[PDB]
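Below, in structure tokens: the form deposited in one PDB entry, a single chain.
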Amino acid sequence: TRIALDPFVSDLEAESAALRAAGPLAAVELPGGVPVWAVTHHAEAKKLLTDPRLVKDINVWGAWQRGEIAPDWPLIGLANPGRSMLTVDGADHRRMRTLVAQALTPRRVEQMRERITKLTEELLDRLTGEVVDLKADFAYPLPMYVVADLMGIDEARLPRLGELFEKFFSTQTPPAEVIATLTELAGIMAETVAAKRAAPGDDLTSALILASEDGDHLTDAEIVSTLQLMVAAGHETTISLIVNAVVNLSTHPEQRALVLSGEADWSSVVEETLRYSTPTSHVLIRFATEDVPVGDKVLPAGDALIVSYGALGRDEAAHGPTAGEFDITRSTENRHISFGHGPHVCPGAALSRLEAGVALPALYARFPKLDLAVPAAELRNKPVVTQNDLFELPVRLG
């Protein structure tokens, strides 16, 4: 009675309906035959996300500990990553979140509004021809320029950063090319850190160096791991939020009208896109330190849990009978948790909301008649089981 996730992501819509149906705790299989549990309902997901018995520490994974996980298992980079904010819980995690919150403040993100507006303008200025790949030509570059600027990376590096991001995020990318891509990116982050120690500025890197709580502060290794984690966490997710809002407005033309008229605000489009069509379908991975009741089921000690944000986004218990539809007018007594919940909640939420909040009005300002150059049915998800990313967004600028 175990749902196997399509590594080709041929039918997300259905796979998400099957996960919602298989109760709050669904037995699933990850690509490579690895069995785990998925929490697929909203209220149960919030309970597990704040339960200190669900930890990131891979030592707690019984299957891993007793060697039944292939060392070449494709998803092992997700299950077993380098030490960061991502992989710790309890006091160690609270220390990192406190220090990071001092640097990536709502104020610092809000202060990016003008630079993002200018980066959006220049990308739109480069769009030419009657149809474009709006993903490759507009959405894709925007978050790279934004994060480079946020982090204070040498503007000279941007042409190479474009190539390193493509390599880091690409399916095709081979074995010891991805080793070498990580190495080069870490070298850039280390240079940026050393630059900002010598000459502190108004950038996130400078603030991560300055952050402290009663004389406790981040190590160089902690600062670099934080900058790398933010690039990994923030790039394709923000692209897919923009891509998915354009896809949603295009297939709900009466809501596009409502937003273009000024009756509906852009925030309502972004918040609805996040609930209805999150860029992050699944987050790996947590392990139970003890048996944990979830509904009428038990998550056993040493078993794995994934959080199925995609599926639970359209949870009718949270969002009512409309849950399964895109509606930017909707009222929910339950805010979406597409940025997570509890200690590990996304620290980038304000920034991705700001990028989309600037990009979407700017694009429709330049091309208010823009639409899909192809039927919605022809749009393809990339073969990335944890993400909701499209190969391309063919658009007629109009």
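Residue numbers run from 1 along the displayed sequence. Definition used throughout: the rigid core is the maximal C-alpha set that superposes within 1.5 Å between two forms.
Beyond what is shown, the protein has a form deposited in another entry; the following relates to that form.
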(Q) With the two forms fitted on the rigid core, I'd like to know which residue in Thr251, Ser170, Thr322, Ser267 is displaced by 2 angstroms or more at its CA between this form and the one not shown. (A) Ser170
(Q) A 3 angstroms or greater change in CA distance between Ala136 and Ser170 is reported in the other form. Closer or farther than in this form? (A) farther
Q) Closer or farther: how do the CA atoms of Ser170 and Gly129 lie in the other form, compared with the form shown, if the change is at least 3 Å? A) farther
